[PDB]
$ cat structure36.tsv   # TSV, C-alpha atoms
chain	number	residue	atom	x	y	z
A	771	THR	CA	49.75	123.41	150.36
A	772	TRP	CA	48.50	122.41	153.82
A	773	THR	CA	51.42	123.63	155.95
A	774	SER	CA	51.90	126.36	153.30
A	775	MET	CA	55.42	125.41	152.25
A	776	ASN	CA	57.58	123.79	149.54
A	777	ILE	CA	55.15	125.00	146.88
A	778	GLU	CA	56.54	128.52	146.76
A	779	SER	CA	60.01	126.97	146.55
A	780	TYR	CA	59.00	124.56	143.77
A	781	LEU	CA	57.39	127.45	141.87
A	782	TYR	CA	60.50	129.55	142.43
A	783	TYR	CA	62.75	126.71	141.23
A	784	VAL	CA	60.73	126.28	138.05
A	785	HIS	CA	60.92	130.06	137.66
A	786	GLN	CA	64.69	129.68	137.98
A	787	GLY	CA	64.80	127.05	135.25
A	788	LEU	CA	62.60	129.25	133.05
A	789	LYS	CA	64.72	132.34	133.59
A	790	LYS	CA	67.87	130.34	132.83
A	791	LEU	CA	66.26	129.14	129.61
A	792	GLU	CA	64.90	132.60	128.72
A	793	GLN	CA	68.50	133.61	129.18
A	794	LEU	CA	69.84	130.92	126.87
A	795	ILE	CA	67.38	131.98	124.20
A	796	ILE	CA	68.34	135.62	124.71
A	797	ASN	CA	71.86	134.41	124.01
A	798	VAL	CA	70.79	132.70	120.80
A	799	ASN	CA	68.83	135.80	119.79
A	800	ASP	CA	71.81	138.10	120.31
A	801	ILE	CA	74.29	135.65	118.83
A	802	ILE	CA	72.42	134.59	115.70
A	803	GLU	CA	69.84	137.22	114.83
A	804	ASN	CA	72.11	140.12	113.88
A	805	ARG	CA	75.79	139.40	113.14
A	806	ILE	CA	75.09	136.76	110.52
A	807	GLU	CA	72.05	138.73	109.33
A	808	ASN	CA	74.15	141.83	108.70
A	809	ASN	CA	76.80	139.61	107.12
A	810	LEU	CA	74.05	138.25	104.86
A	811	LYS	CA	72.95	141.78	103.97
A	812	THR	CA	76.56	142.65	103.10
A	813	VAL	CA	76.87	139.45	101.05
A	814	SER	CA	73.71	140.47	99.19
A	815	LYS	CA	74.99	144.00	98.62
A	816	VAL	CA	78.43	142.93	97.34
A	817	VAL	CA	78.56	143.89	93.66
A	818	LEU	CA	80.43	141.08	91.93
A	819	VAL	CA	81.00	142.79	88.56
A	820	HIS	CA	82.39	146.13	89.67
A	821	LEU	CA	82.69	148.18	92.83
A	822	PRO	CA	84.82	151.31	93.44
A	852	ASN	CA	87.51	137.09	101.79
A	853	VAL	CA	86.13	139.31	104.56
A	854	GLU	CA	82.61	137.90	104.85
A	855	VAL	CA	84.06	134.42	104.29
A	856	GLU	CA	86.22	134.70	107.39
A	857	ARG	CA	83.13	136.18	109.04
A	858	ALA	CA	80.94	133.17	108.26
A	859	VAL	CA	83.57	130.67	109.41
A	860	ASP	CA	83.80	132.67	112.62
A	861	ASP	CA	80.02	132.66	113.01
A	862	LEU	CA	80.12	128.87	112.73
A	863	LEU	CA	82.74	128.47	115.46
A	864	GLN	CA	80.83	131.05	117.47
A	865	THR	CA	77.49	129.27	117.26
A	866	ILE	CA	79.43	126.12	118.20
A	867	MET	CA	80.35	127.96	121.38
A	868	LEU	CA	76.60	128.13	122.18
A	869	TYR	CA	76.52	124.46	123.21
A	870	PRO	CA	74.68	123.42	120.02
A	871	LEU	CA	74.33	119.71	119.34
A	872	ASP	CA	76.16	119.35	116.05
A	873	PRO	CA	76.12	115.67	117.05
A	874	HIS	CA	72.95	114.34	118.62
A	875	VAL	CA	72.82	114.15	122.40
A	876	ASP	CA	73.76	110.60	123.32
A	877	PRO	CA	71.38	109.92	126.27
A	878	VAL	CA	68.52	111.89	124.69
A	879	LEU	CA	69.15	110.48	121.19
A	880	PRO	CA	67.62	113.47	119.33
A	881	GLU	CA	68.73	112.28	115.89
A	882	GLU	CA	65.61	113.59	114.17
A	883	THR	CA	65.69	116.70	116.37
A	884	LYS	CA	69.25	117.70	115.44
A	885	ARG	CA	68.66	117.73	111.69
A	886	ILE	CA	65.95	120.42	111.85
A	887	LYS	CA	68.34	123.13	113.02
A	888	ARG	CA	70.55	121.89	110.19
A	889	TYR	CA	67.70	122.27	107.69
A	890	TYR	CA	67.22	125.79	109.03
A	891	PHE	CA	70.94	126.57	108.78
A	892	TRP	CA	70.79	125.13	105.27
A	893	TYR	CA	67.90	127.47	104.47
A	894	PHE	CA	70.10	130.26	105.82
A	895	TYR	CA	73.08	129.08	103.77
A	896	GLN	CA	70.64	129.14	100.86
A	897	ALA	CA	69.83	132.73	101.82
A	898	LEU	CA	73.56	133.49	101.73
A	899	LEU	CA	74.29	131.85	98.38
A	900	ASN	CA	71.05	133.47	97.25
A	901	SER	CA	72.29	136.87	98.35
A	902	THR	CA	75.29	136.31	96.09
A	903	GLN	CA	72.98	134.89	93.41
A	904	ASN	CA	70.57	137.84	93.48
A	905	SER	CA	73.51	140.20	93.16
A	906	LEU	CA	74.90	138.13	90.25
A	907	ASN	CA	71.49	138.22	88.56
A	908	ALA	CA	70.94	141.96	89.03
A	909	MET	CA	74.31	142.57	87.39
A	910	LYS	CA	73.71	140.04	84.59
A	911	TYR	CA	70.58	142.05	83.84
A	912	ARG	CA	72.12	145.53	84.16
A	913	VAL	CA	75.29	144.89	82.16
A	914	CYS	CA	74.08	147.33	79.49
A	915	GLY	CA	74.87	150.53	81.42
A	916	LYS	CA	78.58	149.97	82.09
A	917	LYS	CA	79.43	153.66	82.53
A	918	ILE	CA	76.95	154.04	85.40
A	919	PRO	CA	78.50	151.58	87.91
A	920	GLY	CA	82.08	151.85	89.10
A	921	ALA	CA	84.80	149.17	88.99
A	922	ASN	CA	87.27	147.70	91.45
A	923	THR	CA	91.01	147.23	90.94
A	924	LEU	CA	91.01	143.77	89.34
A	925	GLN	CA	88.42	145.04	86.84
A	926	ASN	CA	90.09	148.21	85.53
A	927	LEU	CA	89.92	147.39	81.81
A	928	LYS	CA	86.19	146.60	81.75
A	929	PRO	CA	84.22	149.77	82.64
A	930	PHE	CA	82.68	151.80	79.77
A	931	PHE	CA	84.85	149.84	77.37
A	932	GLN	CA	86.48	151.92	74.65
A	933	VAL	CA	87.16	150.14	71.36
A	934	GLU	CA	89.03	151.25	68.24
A	935	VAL	CA	86.97	151.47	65.05
A	936	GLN	CA	88.41	151.46	61.54
A	937	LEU	CA	88.06	149.78	58.14
A	938	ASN	CA	89.14	146.20	58.85
A	939	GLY	CA	89.59	144.82	55.37
A	940	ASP	CA	87.91	148.03	54.15
A	941	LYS	CA	84.95	147.28	56.47
A	942	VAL	CA	84.09	149.53	59.42
A	943	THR	CA	84.52	147.36	62.52
A	944	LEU	CA	85.49	147.64	66.13
A	945	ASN	CA	89.20	146.86	65.76
A	946	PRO	CA	89.04	144.64	68.85
A	947	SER	CA	86.45	142.15	67.66
A	948	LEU	CA	83.15	142.90	69.38
A	949	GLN	CA	82.95	139.16	69.99
A	950	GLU	CA	86.37	139.42	71.65
A	951	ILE	CA	85.14	142.26	73.84
A	952	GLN	CA	82.23	140.10	74.91
A	953	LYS	CA	84.70	137.32	75.67
A	954	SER	CA	86.55	139.85	77.84
A	955	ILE	CA	83.28	140.66	79.61
A	956	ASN	CA	82.80	136.91	80.01
A	957	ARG	CA	86.38	136.62	81.29
A	958	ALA	CA	85.61	139.17	83.99
A	959	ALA	CA	82.41	137.20	84.61
A	960	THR	CA	84.35	133.92	84.86
A	961	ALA	CA	86.94	135.36	87.24
A	962	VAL	CA	84.05	136.54	89.41
A	963	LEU	CA	82.20	133.25	88.95
A	964	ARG	CA	85.13	131.07	89.97
A	965	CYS	CA	85.90	133.35	92.92
A	966	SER	CA	82.25	132.88	93.94
A	967	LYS	CA	82.18	129.14	93.15
A	968	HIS	CA	85.26	128.41	95.26
A	969	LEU	CA	84.19	129.97	98.54
A	970	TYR	CA	84.57	128.95	102.17
A	971	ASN	CA	81.06	129.72	103.39
A	972	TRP	CA	79.49	128.39	106.58
A	973	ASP	CA	79.11	124.98	104.96
A	974	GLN	CA	82.27	125.15	102.85
A	975	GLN	CA	84.27	125.94	105.98
A	976	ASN	CA	87.78	124.99	104.75
A	977	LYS	CA	88.17	123.97	101.09
A	978	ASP	CA	84.56	122.71	101.24
A	979	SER	CA	85.60	120.26	103.98
A	980	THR	CA	82.59	120.82	106.23
A	981	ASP	CA	80.28	120.71	103.20
A	982	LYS	CA	80.58	120.63	99.42
A	983	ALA	CA	80.30	123.55	96.98
A	984	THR	CA	77.83	121.83	94.65
A	985	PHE	CA	75.30	124.63	95.11
A	986	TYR	CA	77.71	126.97	93.35
A	987	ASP	CA	78.00	124.84	90.21
A	988	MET	CA	74.22	124.44	90.44
A	989	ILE	CA	73.90	128.24	90.41
A	990	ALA	CA	76.40	128.36	87.54
A	991	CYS	CA	74.05	126.10	85.57
A	992	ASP	CA	71.02	127.99	86.93
A	993	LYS	CA	68.97	130.45	84.88
A	994	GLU	CA	70.72	133.63	86.07
A	995	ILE	CA	73.92	132.44	84.36
A	996	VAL	CA	73.15	130.05	81.52
A	997	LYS	CA	69.85	131.57	80.40
A	998	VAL	CA	71.10	135.13	80.84
A	999	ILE	CA	74.07	134.32	78.61
A	1000	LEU	CA	71.46	134.20	75.84
A	1001	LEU	CA	70.03	137.59	76.83
A	1002	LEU	CA	73.54	139.02	77.04
A	1003	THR	CA	74.50	137.74	73.59
A	1004	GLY	CA	71.12	138.82	72.23
A	1005	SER	CA	71.49	142.41	73.40
A	1006	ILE	CA	75.07	142.24	72.10
A	1007	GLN	CA	73.96	141.07	68.67
A	1008	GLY	CA	71.34	143.83	68.82
A	1009	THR	CA	74.09	146.36	69.44
A	1010	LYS	CA	75.90	144.82	66.47
A	1011	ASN	CA	72.64	145.16	64.53

$ encode --input "structure36.tsv" --output "structure tokens"
Amino acid sequence: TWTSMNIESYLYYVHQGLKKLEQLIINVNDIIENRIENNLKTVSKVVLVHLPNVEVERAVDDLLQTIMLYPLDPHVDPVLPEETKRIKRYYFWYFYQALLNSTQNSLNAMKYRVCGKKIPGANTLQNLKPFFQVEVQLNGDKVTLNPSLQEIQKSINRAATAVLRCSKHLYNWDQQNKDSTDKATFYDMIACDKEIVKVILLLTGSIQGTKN
């Protein structure tokens, strides 16, 4: 600071590094904070039972896209940030949890609101299910739904199982290609989680109450 030089240039060079980094973060903001967020909102909003591939492609593409951001999927060799690298992975795992949880919250909302079938609308694969009509007569002189009501619940469970296997075999951010990048164990975990196994009891209980 005595000849009044080189300090403005050092300050300007650090400013240059900081503006380049502020840039790179503005990248990451743009590139992560909204496309995969809106994809997550869509994944949450997808009604699995009935609604009158896409987001899977989308998530694979978001992976390759984030990979374009120079992210250290392997640790930097000269820096050796082995601990460092796994924290973005824990965050991306929390986000993958938010994705599977979007699907899971949908699944659970539907498992709860099965009872009003006429109110929601169905998609093509699920044409037989909505507001199910059953024939009633004197089966062996006894008034019954001619299709066994138990059978109709097994048809509801067959729709549920088609949906559940479609949702268990996915290609999400971790499952990139046939679960190659990461396993699909969270989906069988969800299948044995309360929203499925414990709500089967509530389903069958309301069903037996209808029978009652």

$ closest_residue --input "structure36.tsv" --among "A:958, A:906, A:784, A:801" --to "residue 992 (chain A)" --atoms "only C-alpha atoms"
A:906

$ atom_distance --input "structure36.tsv" --atom1 "CA of residue 986 (chain A)" --atom2 "CA of residue 928 (chain A)"
24.3 Å

$ closest_residue --input "structure36.tsv" --among "A:777, A:909, A:961, A:886" --to "residue 871 (chain A)" --atoms "all atoms listed in the file"
A:886

$ closest_atom_pairs --input "structure36.tsv" --of "region 891-985 of chain A" --to "region 994-1004 of chain A" --cutoff "12 Å" --atoms "only C-alpha atoms" --output "CSV"
residue,atom,partner,partner_atom,distance
A:900,CA,A:994,CA,11.2
A:902,CA,A:994,CA,11.3
A:903,CA,A:994,CA,7.8
A:904,CA,A:994,CA,8.5
A:905,CA,A:994,CA,10.1
A:906,CA,A:994,CA,7.4
A:907,CA,A:994,CA,5.3
A:908,CA,A:994,CA,8.8
A:909,CA,A:994,CA,9.7
A:910,CA,A:998,CA,6.7
A:911,CA,A:998,CA,7.6
A:912,CA,A:1002,CA,9.8
A:913,CA,A:1002,CA,8.0
A:914,CA,A:1002,CA,8.7
A:948,CA,A:1003,CA,10.9
A:949,CA,A:1003,CA,9.3
A:951,CA,A:1003,CA,11.6
A:952,CA,A:1003,CA,8.2
A:953,CA,A:1003,CA,10.4
A:955,CA,A:1002,CA,10.2
A:956,CA,A:999,CA,9.2
A:959,CA,A:995,CA,9.7
A:960,CA,A:995,CA,10.5
A:963,CA,A:995,CA,9.5

$ atom_distance --input "structure36.tsv" --atom1 "CA of residue 971 (chain A)" --atom2 "CA of residue 817 (chain A)"
17.4 Å

$ atom_distance --input "structure36.tsv" --atom1 "CA of residue 969 (chain A)" --atom2 "CA of residue 854 (chain A)"
10.3 Å

$ closest_residue --input "structure36.tsv" --among "A:887, A:964, A:857, A:916" --to "residue 989 (chain A)" --atoms "all atoms listed in the file"
A:964

$ closest_residue --input "structure36.tsv" --among "A:814, A:797, A:774, A:926" --to "residue 868 (chain A)" --atoms "all atoms listed in the file"
A:797

$ residues_around --input "structure36.tsv" --residues "residue 970 (chain A)" --least-positions-apart "3" --cutoff "9 Å" --atoms "all atoms listed in the file" --output "PyMOL selection string"
chain A and resi 852+855-856+858-859+973-979+983

$ closest_residue --input "structure36.tsv" --among "A:896, A:808, A:771, A:925" --to "residue 957 (chain A)" --atoms "all atoms listed in the file"
A:925

$ residues_around --input "structure36.tsv" --residues "residue 861 (chain A)" --least-positions-apart "3" --cutoff "8 Å" --atoms "all atoms listed in the file" --output "VMD selection string"
chain A and resid 805 to 806 857 to 858 864 to 865 972

$ axis_aligned_box --input "structure36.tsv" --around "region 878-883 of chain A" --padding-each-side "3 Å" --output "JSON"
{"center_x": 67.4, "center_y": 113.6, "center_z": 119.4, "size_x": 9.5, "size_y": 12.2, "size_z": 16.5}

$ decode --input "structure36.tsv" --residues "region 819-898 of chain A" --atoms "N, CA and C atoms" --output "JSON list (two decimals), in the first residue's frame"
[["chain", "number", "residue", "atom", "x", "y", "z"],
["A", 819, "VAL", "N", -54.01, -44.47, -8.26],
["A", 819, "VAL", "CA", -55.18, -45.33, -8.42],
["A", 819, "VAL", "C", -55.86, -45.06, -9.75],
["A", 820, "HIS", "N", -56.11, -43.79, -10.06],
["A", 820, "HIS", "CA", -57.08, -43.40, -11.06],
["A", 820, "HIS", "C", -56.83, -41.95, -11.44],
["A", 821, "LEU", "N", -56.77, -41.69, -12.74],
["A", 821, "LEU", "CA", -56.66, -40.31, -13.20],
["A", 821, "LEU", "C", -57.17, -40.18, -14.63],
["A", 822, "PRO", "N", -58.20, -39.36, -14.87],
["A", 822, "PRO", "CA", -58.73, -39.19, -16.22],
["A", 822, "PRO", "C", -58.05, -38.05, -16.98],
["A", 852, "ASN", "N", -43.46, -43.08, -16.50],
["A", 852, "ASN", "CA", -42.53, -43.04, -17.62],
["A", 852, "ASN", "C", -41.96, -41.64, -17.82],
["A", 853, "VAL", "N", -42.86, -40.65, -17.89],
["A", 853, "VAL", "CA", -42.43, -39.28, -18.18],
["A", 853, "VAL", "C", -41.46, -38.79, -17.12],
["A", 854, "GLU", "N", -41.91, -38.68, -15.87],
["A", 854, "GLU", "CA", -41.07, -38.14, -14.82],
["A", 854, "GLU", "C", -39.85, -39.02, -14.57],
["A", 855, "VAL", "N", -39.93, -40.30, -14.96],
["A", 855, "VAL", "CA", -38.79, -41.20, -14.82],
["A", 855, "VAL", "C", -37.68, -40.79, -15.78],
["A", 856, "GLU", "N", -38.01, -40.68, -17.07],
["A", 856, "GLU", "CA", -37.08, -40.06, -18.00],
["A", 856, "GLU", "C", -36.55, -38.76, -17.42],
["A", 857, "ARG", "N", -37.45, -37.90, -16.96],
["A", 857, "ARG", "CA", -37.09, -36.60, -16.41],
["A", 857, "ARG", "C", -36.00, -36.71, -15.36],
["A", 858, "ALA", "N", -36.16, -37.62, -14.40],
["A", 858, "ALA", "CA", -35.21, -37.73, -13.31],
["A", 858, "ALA", "C", -33.86, -38.25, -13.80],
["A", 859, "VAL", "N", -33.88, -39.23, -14.70],
["A", 859, "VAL", "CA", -32.62, -39.69, -15.30],
["A", 859, "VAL", "C", -31.91, -38.52, -15.97],
["A", 860, "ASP", "N", -32.68, -37.68, -16.66],
["A", 860, "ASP", "CA", -32.12, -36.55, -17.37],
["A", 860, "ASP", "C", -31.57, -35.52, -16.40],
["A", 861, "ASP", "N", -32.25, -35.33, -15.27],
["A", 861, "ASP", "CA", -31.76, -34.42, -14.24],
["A", 861, "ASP", "C", -30.46, -34.94, -13.63],
["A", 862, "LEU", "N", -30.31, -36.26, -13.52],
["A", 862, "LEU", "CA", -29.03, -36.80, -13.08],
["A", 862, "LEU", "C", -27.93, -36.43, -14.06],
["A", 863, "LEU", "N", -28.08, -36.83, -15.33],
["A", 863, "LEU", "CA", -27.04, -36.52, -16.32],
["A", 863, "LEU", "C", -26.78, -35.02, -16.37],
["A", 864, "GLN", "N", -27.83, -34.24, -16.14],
["A", 864, "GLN", "CA", -27.70, -32.80, -16.23],
["A", 864, "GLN", "C", -26.88, -32.24, -15.07],
["A", 865, "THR", "N", -27.20, -32.66, -13.85],
["A", 865, "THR", "CA", -26.37, -32.28, -12.71],
["A", 865, "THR", "C", -24.93, -32.74, -12.92],
["A", 866, "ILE", "N", -24.75, -33.92, -13.50],
["A", 866, "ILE", "CA", -23.41, -34.40, -13.83],
["A", 866, "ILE", "C", -22.70, -33.43, -14.75],
["A", 867, "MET", "N", -23.45, -32.76, -15.62],
["A", 867, "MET", "CA", -22.81, -31.72, -16.43],
["A", 867, "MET", "C", -22.27, -30.56, -15.61],
["A", 868, "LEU", "N", -22.70, -30.39, -14.36],
["A", 868, "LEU", "CA", -22.33, -29.23, -13.55],
["A", 868, "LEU", "C", -20.95, -29.36, -12.93],
["A", 869, "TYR", "N", -20.13, -30.28, -13.41],
["A", 869, "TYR", "CA", -18.85, -30.59, -12.79],
["A", 869, "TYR", "C", -19.04, -30.99, -11.32],
["A", 870, "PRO", "N", -19.96, -31.91, -11.00],
["A", 870, "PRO", "CA", -20.04, -32.38, -9.62],
["A", 870, "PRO", "C", -19.15, -33.59, -9.41],
["A", 871, "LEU", "N", -18.57, -33.68, -8.22],
["A", 871, "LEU", "CA", -17.61, -34.74, -7.94],
["A", 871, "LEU", "C", -18.37, -35.97, -7.45],
["A", 872, "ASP", "N", -18.95, -36.69, -8.41],
["A", 872, "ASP", "CA", -19.47, -38.03, -8.12],
["A", 872, "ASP", "C", -18.37, -38.94, -7.59],
["A", 873, "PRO", "N", -17.16, -38.94, -8.14],
["A", 873, "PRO", "CA", -16.01, -39.42, -7.38],
["A", 873, "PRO", "C", -15.32, -38.26, -6.68],
["A", 874, "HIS", "N", -14.65, -38.58, -5.58],
["A", 874, "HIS", "CA", -13.89, -37.57, -4.85],
["A", 874, "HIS", "C", -12.79, -36.99, -5.73],
["A", 875, "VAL", "N", -12.48, -35.71, -5.52],
["A", 875, "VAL", "CA", -11.33, -35.12, -6.18],
["A", 875, "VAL", "C", -10.07, -35.82, -5.71],
["A", 876, "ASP", "N", -9.21, -36.19, -6.66],
["A", 876, "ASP", "CA", -8.04, -36.98, -6.30],
["A", 876, "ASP", "C", -7.02, -36.16, -5.51],
["A", 877, "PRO", "N", -6.57, -34.99, -5.99],
["A", 877, "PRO", "CA", -5.57, -34.24, -5.20],
["A", 877, "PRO", "C", -6.13, -33.64, -3.92],
["A", 878, "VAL", "N", -7.42, -33.31, -3.89],
["A", 878, "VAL", "CA", -8.02, -32.75, -2.68],
["A", 878, "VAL", "C", -8.36, -33.87, -1.70],
["A", 879, "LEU", "N", -8.69, -35.05, -2.21],
["A", 879, "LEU", "CA", -9.19, -36.17, -1.42],
["A", 879, "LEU", "C", -10.36, -35.77, -0.52],
["A", 880, "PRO", "N", -11.46, -35.25, -1.09],
["A", 880, "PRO", "CA", -12.63, -34.95, -0.25],
["A", 880, "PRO", "C", -13.60, -36.13, -0.17],
["A", 881, "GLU", "N", -13.12, -37.24, 0.41],
["A", 881, "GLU", "CA", -13.94, -38.44, 0.51],
["A", 881, "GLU", "C", -15.12, -38.23, 1.45],
["A", 882, "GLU", "N", -14.87, -37.66, 2.63],
["A", 882, "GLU", "CA", -15.97, -37.29, 3.51],
["A", 882, "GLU", "C", -16.84, -36.23, 2.86],
["A", 883, "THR", "N", -16.21, -35.21, 2.26],
["A", 883, "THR", "CA", -16.95, -34.12, 1.64],
["A", 883, "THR", "C", -17.98, -34.64, 0.64],
["A", 884, "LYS", "N", -17.55, -35.52, -0.28],
["A", 884, "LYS", "CA", -18.41, -35.94, -1.38],
["A", 884, "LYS", "C", -19.69, -36.60, -0.91],
["A", 885, "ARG", "N", -19.65, -37.32, 0.21],
["A", 885, "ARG", "CA", -20.81, -38.10, 0.61],
["A", 885, "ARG", "C", -21.93, -37.23, 1.18],
["A", 886, "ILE", "N", -21.66, -35.96, 1.49],
["A", 886, "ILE", "CA", -22.71, -35.14, 2.09],
["A", 886, "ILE", "C", -23.68, -34.64, 1.03],
["A", 887, "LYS", "N", -23.18, -34.29, -0.16],
["A", 887, "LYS", "CA", -24.11, -34.02, -1.25],
["A", 887, "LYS", "C", -24.90, -35.26, -1.61],
["A", 888, "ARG", "N", -24.30, -36.44, -1.42],
["A", 888, "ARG", "CA", -25.02, -37.68, -1.68],
["A", 888, "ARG", "C", -26.09, -37.93, -0.63],
["A", 889, "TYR", "N", -25.80, -37.62, 0.64],
["A", 889, "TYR", "CA", -26.83, -37.71, 1.66],
["A", 889, "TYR", "C", -27.96, -36.73, 1.38],
["A", 890, "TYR", "N", -27.63, -35.55, 0.85],
["A", 890, "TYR", "CA", -28.68, -34.60, 0.50],
["A", 890, "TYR", "C", -29.49, -35.08, -0.69],
["A", 891, "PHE", "N", -28.82, -35.62, -1.71],
["A", 891, "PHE", "CA", -29.53, -36.16, -2.86],
["A", 891, "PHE", "C", -30.33, -37.39, -2.47],
["A", 892, "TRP", "N", -29.89, -38.11, -1.44],
["A", 892, "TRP", "CA", -30.67, -39.21, -0.91],
["A", 892, "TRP", "C", -31.88, -38.71, -0.16],
["A", 893, "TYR", "N", -31.73, -37.63, 0.61],
["A", 893, "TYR", "CA", -32.90, -36.99, 1.22],
["A", 893, "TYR", "C", -33.88, -36.54, 0.14],
["A", 894, "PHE", "N", -33.36, -36.05, -0.98],
["A", 894, "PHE", "CA", -34.24, -35.61, -2.06],
["A", 894, "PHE", "C", -34.90, -36.80, -2.75],
["A", 895, "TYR", "N", -34.15, -37.88, -2.95],
["A", 895, "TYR", "CA", -34.72, -39.11, -3.48],
["A", 895, "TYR", "C", -35.76, -39.67, -2.52],
["A", 896, "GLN", "N", -35.54, -39.48, -1.22],
["A", 896, "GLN", "CA", -36.56, -39.79, -0.23],
["A", 896, "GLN", "C", -37.78, -38.90, -0.41],
["A", 897, "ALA", "N", -37.56, -37.62, -0.71],
["A", 897, "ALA", "CA", -38.68, -36.73, -0.97],
["A", 897, "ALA", "C", -39.45, -37.16, -2.22],
["A", 898, "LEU", "N", -38.76, -37.72, -3.20],
["A", 898, "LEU", "CA", -39.43, -38.20, -4.41],
["A", 898, "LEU", "C", -40.25, -39.45, -4.13]]
